[PDB]
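# Coordinate inspection notes
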Amino acid sequence: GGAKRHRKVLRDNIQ
Amino acid sequence: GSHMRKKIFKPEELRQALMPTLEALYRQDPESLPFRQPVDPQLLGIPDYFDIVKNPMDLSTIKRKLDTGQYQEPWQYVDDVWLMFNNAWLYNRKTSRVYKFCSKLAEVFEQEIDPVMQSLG
């Protein structure tokens, strides 16, 4: 997971 | 203003030491990029910027002021590069992704700024 999106390299994504 | 109190050389002298340091961080691209460019609170989407770090900073402004010569004392560039990993530190609440990225940057750099802070300060 992760990838480049939203914040820095953050982008948690779970739901 | 000009010469702090220690040695203080030409902005290029410093760079000679400084840049190499930054460059070690620049190797840590996946860890440096997030700063090699301005920490866009838009690209990030964190309005909380400047509301936590107070001094955003970023390898972009950094590698720049350095390169361009907007310096005179090495500890200044350090206080900035460290101020940088710092934003990633006290901003990302520690438990984040940059946490890893800043960790190294400050690591290599703390290991790069040694030959520097010693031959610079």
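The rules behind the values
Residues numbered from 1 in each chain as written, not as in the entry; some residues may be left out. Chains lettered and ligands numbered in written order. Heavy atoms only, no water. Core = buried A, V, L, I, M, F, W, Y, C linked by side-chain atoms within 4.5 Å. Buried < 20%, exposed > 50% of the residue type's maximum accessible area, 1.4 Å probe, protein only. Helix = DSSP H or I, 4+ residues; strand = E, 2+ residues; numbered from the N terminus. Contact = heavy atoms within 4.5 Å. Buried area = accessible area lost by both parts, 1.4 Å probe. Salt bridge = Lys/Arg side-chain N within 4 Å of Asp/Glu carboxyl O. Nonpolar A, V, L, I, M, F, W, Y, C, P; charged D, E, K, R; others polar. Arc of directions from axis to C-beta. Axes fitted to C-alpha atoms, helices over the stretch in contact; angles between N-to-C directions. Parallel < 35°, antiparallel > 145°, perpendicular 65-115°, else oblique. Left-handed = near helix turned anticlockwise from the far one by under 90°.

Its PDB header names solution NMR as the technique used to obtain the model.

Under the PDB entry, the name given to chain B is CREB-binding protein, and the source organism is Homo sapiens.

Another aspect to go through is the nonpolar core. All names here are of chain B. Of all hydrophobic cores here, the largest spans 40 residues; its most connected members are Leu-25, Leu-59, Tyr-77 and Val-81. With 10 residues, the top contributor of residues to this core is helix α6 (residues 98-120). In contact with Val-81, other than residues within four places in its own chain, are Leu-22, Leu-25, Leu-59, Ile-62 and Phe-109.

Listed by partner, the interface residues are five residues for chain A and 12 residues for chain B. Both sides of the chain A and chain B interface together cover about 830 Å² of buried area, and 64% of this is carbon and sulfur. In terms of surface lost to chain B, no three residues of chain A exceed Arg-7, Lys-8 and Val-9 of chain A, which account for 71% of the buried area on that side. Here chain A and chain B share zero salt bridges between them. The residue inventory of the side of chain A that touches chain B, partitioned by class, reads two nonpolar, one polar and two charged.

Our focus in this paragraph is helix α2 (residues 29-36) of chain B. Residues and elements named next belong to chain B. For α2, the complete set of buried residues consists of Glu-31, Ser-32, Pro-34 and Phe-35. One side of α2 holds all its buried residues, which, seen down the axis, span an arc of 145 degrees. In the core, the buried residues of α2 are packed alongside α1 (11-27), α4 (59-69), α5 (74-91) and α6.

This part covers the packing of α1 of chain B against α6 of chain B. All names here are of chain B. Where α1 contacts α6, the two axes come as close as 8 Å, and the packing angle between them is 165 degrees. When the axes of α1 and α6 are compared, the pair comes out roughly antiparallel. Relative to α6, α1 is oriented so that their crossing is right-handed. For the pair formed by α1 and α6, the contact residues are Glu-13, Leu-14, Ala-17, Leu-18, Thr-21, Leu-22, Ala-24 and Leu-25 on the first element and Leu-105, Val-108, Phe-109, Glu-112, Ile-113, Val-116 and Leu-120 on the second. Residue classes in the contact of α1 with α6 are distributed as 12 nonpolar, one polar and two charged.

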